[PDB]
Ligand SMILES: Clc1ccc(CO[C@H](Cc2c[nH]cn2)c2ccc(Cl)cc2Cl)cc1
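The chain below stands alone and is given as structure tokens, in the form solved without the named molecule.
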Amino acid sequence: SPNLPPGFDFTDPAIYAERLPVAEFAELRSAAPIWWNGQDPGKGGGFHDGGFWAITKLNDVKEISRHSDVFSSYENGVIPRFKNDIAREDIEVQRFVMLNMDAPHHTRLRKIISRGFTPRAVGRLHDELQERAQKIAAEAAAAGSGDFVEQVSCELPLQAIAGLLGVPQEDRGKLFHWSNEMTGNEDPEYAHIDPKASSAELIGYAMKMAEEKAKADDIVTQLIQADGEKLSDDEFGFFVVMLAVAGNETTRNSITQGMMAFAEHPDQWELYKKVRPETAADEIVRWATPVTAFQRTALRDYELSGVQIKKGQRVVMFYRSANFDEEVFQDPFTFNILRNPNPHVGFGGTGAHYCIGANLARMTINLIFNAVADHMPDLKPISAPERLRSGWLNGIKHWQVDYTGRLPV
């Protein structure tokens, strides 16, 4: 019996528009580490099953992640919150991306797409991203002050996707426009955006890219040629839509919130500026936990840590709670860029769906923080961050920063 308000719902977007429910997750870890989060009829974020099991401990997140025959991604998809009135068919179309597939379909697609994320493929992007990171941080610093989210955090993740896919320089503006429309839409600031339209345009663009690349040594060629497996044009289209969501706002929020952590822990920022430890990226992702939660649905009864999960019930893995698990991390509430080992689940629990982009993301994070250290070492915030209204993505919309640190306060 945890101490929470009547009807509290850990996927309620109205919570995340204002704060992370840190105290409430700590309460569950302590008192009810697997807890039934009931949901009133019509208040289930698109699911009409009465609620879900909140999973708060790291070991439980890993156990659910491993057992993908029991804990399905396909059955209800992995996003645990949409608009309450969403039609079921709009939840089910998510099954066209590999993140919402189970074996065998997932297994085939994962094996093919892994070609795009080899050490060689990712390292080939390094120098361009480093150069781009340097210019992003210089141009921002020269502006004196501005919105850190737009002027520092947004562009590099987009350029990492563009560089991975070999998107022509002239096509990057339109690619980025579509991609920025494809996630974060539950907030009134973005209420007028139609993600479905952008997703359709991206698919059309990507399918042509496949068409034409059949007509080189690059990731797109490798994906659409027999290894004997290959993506069809449409499988490529859905792979690109998946990246446009999986790898954009996530990395962006890691950058914003990693900078917010440095502002809050100036001794760590001083240490970072001197040492530039590559371990910083993992601590940044643990602290930022850009995906608050993903869900699964049990396909059979399963006893998890002494709790009887029943066939059909959803389990929601709160990576935001697991990443602060007092039994796993030493003093998880302090930000330590040298933390090592750092067994966080910000990229998922180990398992079939573990973030395929994780090394690309760490590289993007490390390059942008190097550039920030280089060009704006004295930065200070001007005002509090503005959070995103979403029941599953932990987002910062805007954050006004004085890059020079010279302004008062």
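A residue's number is simply how far along the shown sequence it sits, counting from 1.
Beyond the structure shown, there is the form deposited with the named molecule bound, which is absent from this document and is the topic of what follows.
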Could you spot which one of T256, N76, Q159, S199 gets a heavy atom to within 4.5 Å of the named molecule in the entry with it bound?
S199
Identify, from the list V241, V149, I136, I309, the residue with a heavy atom within 4.5 Å of the named molecule in the entry with it bound.
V241
Contact segment among 141-149, 297-305, 96-104, 257-265, judged by heavy atoms lying within 4.5 Å of the named molecule in the entry with it bound
96-104
Would you check, heavy atoms only and a 4.5 Å threshold, whether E327 touches the named molecule in the entry with it bound?
no
Using a 4.5 angstroms cut-off on non-hydrogen atoms, would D90 count as touching the named molecule in the entry with it bound?
yes
Classify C154 as contacting or not contacting the named molecule in the entry with it bound by the rule of any non-hydrogen atom within 4.5 angstroms, answering yes or no.
no
Distance check, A121 to the named molecule in the entry with it bound, heavy atom within 4.5 Å
no
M182, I203 and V245: each with a heavy atom within 4.5 Å of the named molecule in the entry with it bound?
yes
Contact set, 114-146 vs the named molecule in the entry with it bound - heavy atom within 4.5 angstroms
none
